[PDB]
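Respectively, the protein sequence lines represent chains B and A.
What the first sequence shows, in the authors' numbering, is residues 1930 to 1944, 1950 to 1968, in sequence order.
What the second sequence shows, in the authors' numbering, is residues 1784 to 1794, 1801 to 1821, 1830 to 1839, 1855 to 1868, 1874 to 1882, 1888 to 1897, 1901 to 1944, 1950 to 1968, 1981 to 1990, in sequence order.
Ideal placement from N, C-alpha and C gives every residue a C-beta, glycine not left out.
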Amino acid sequence: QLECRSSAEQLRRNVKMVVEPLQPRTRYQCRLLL
Amino acid sequence: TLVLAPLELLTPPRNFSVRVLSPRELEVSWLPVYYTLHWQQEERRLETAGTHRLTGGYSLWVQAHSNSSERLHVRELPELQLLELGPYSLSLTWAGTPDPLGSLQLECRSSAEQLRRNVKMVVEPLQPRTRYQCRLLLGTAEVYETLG
Ligand SMILES: *[C@@H]1O[C@H](CO)[C@@H](O)[C@H](O)[C@H]1NC(C)=O
Ligand SMILES: *[C@@H]1O[C@H](CO)[C@@H](O)[C@H](O)[C@H]1NC(C)=O
């Protein structure tokens, strides 16, 4: 899985991977979880 | 004379704490013999001290066997009501008990995405015409379909 956490939202996507939707001009820390 | 067999004879609970995890689930934690945990609404035998989970106003005490510790007094969530249904957002509301919680979050999981929002709460952005099961984490899950 790929987890992208921002200051207001956190999205985990089951898995290359496309994370959508995301907020514009927002920083997110993304990591891979096995 | 005759020397006989030398015989061995064997003769509180340090800082017991209670954490409210869920509406039927409490987390007990105590340090140092067995222990007896008593919980009364306003006993369970354990072999070792540490952390345990009590399932199912409450005064709790732990006895080390024999003295006991101090009695700690501690304190169901409502279902999710849809306040606003949109194509890219969902505003939901719940009353809840008036108690302070360290964590209170709303989790909405769809077939392709899962979003957890730190908490009424508005979940945005969401996919249009997508069904998501939303629940409260400190609960029951409610399925809601977004607009198109
Ligand atoms: C049990 O605990 C209390 C409080 O710590 C203490 O005063 C008491 O001496 C203990 N009892 C025994 C028999 O050691
Ligand atoms: C446990 O440790 C000390 C011992 O007095 C106390 O001050 C503290 O509040 C206790 N912690 C919890 C979580 O009960």
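Taken in chain order, the members of the stretch 1901 to 1913 of chain A whose beta-carbon sits within less than 9 Å of a beta-carbon on chain B are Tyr-1913.
Here the alpha carbons of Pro-1903 of chain A and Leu-1967 of chain A stand approximately 12 Å from one another.
Boundaries of the beta strand (DSSP E) around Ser-1876 of chain A: 1875 to 1881. In this structure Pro-1958 of chain A is exposed. Its beta-carbon is surrounded by fewer than 16 other beta-carbon atoms within 10 angstroms. With a cutoff of 9 Å on beta-carbon distance, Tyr-1913 of chain A and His-1895 of chain A are scored as not near each other.
Under DSSP, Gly-1981 of chain A shares a beta bridge with no residue. Taking 9 Å as the CB threshold, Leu-1967 of chain B stays off the interface with chain A. Between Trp-1819 of chain A and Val-1879 of chain A, the gap from beta carbon to beta carbon is short of 9 Å. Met-1951 of chain A: member of the beta strand (DSSP E) spanning 1951 to 1953, first to last residue. Burial check for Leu-1877 of chain A: the Cβ neighbour count within 10 Å reaches 16 or more, so the residue is buried. For the stretch 1953 to 1966 of chain A, the beta-carbon criterion of a distance under 7 Å to any beta-carbon of chain B is satisfied by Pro-1955. For ligand 2, residues qualifying as neighbours are A:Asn-1804 and A:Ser-1806, where qualification means a beta carbon closer than 5 Å to at least one of its heavy atoms (chain order). Counting only Cβ-Cβ distances below 8 Å, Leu-1940 of chain B has contacts in chain A at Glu-1938, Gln-1939 and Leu-1940, in chain order. For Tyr-1962 of chain A against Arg-1934 of chain A, the beta-carbon gap comes to about 6 Å, under 8 Å, which counts as contact.
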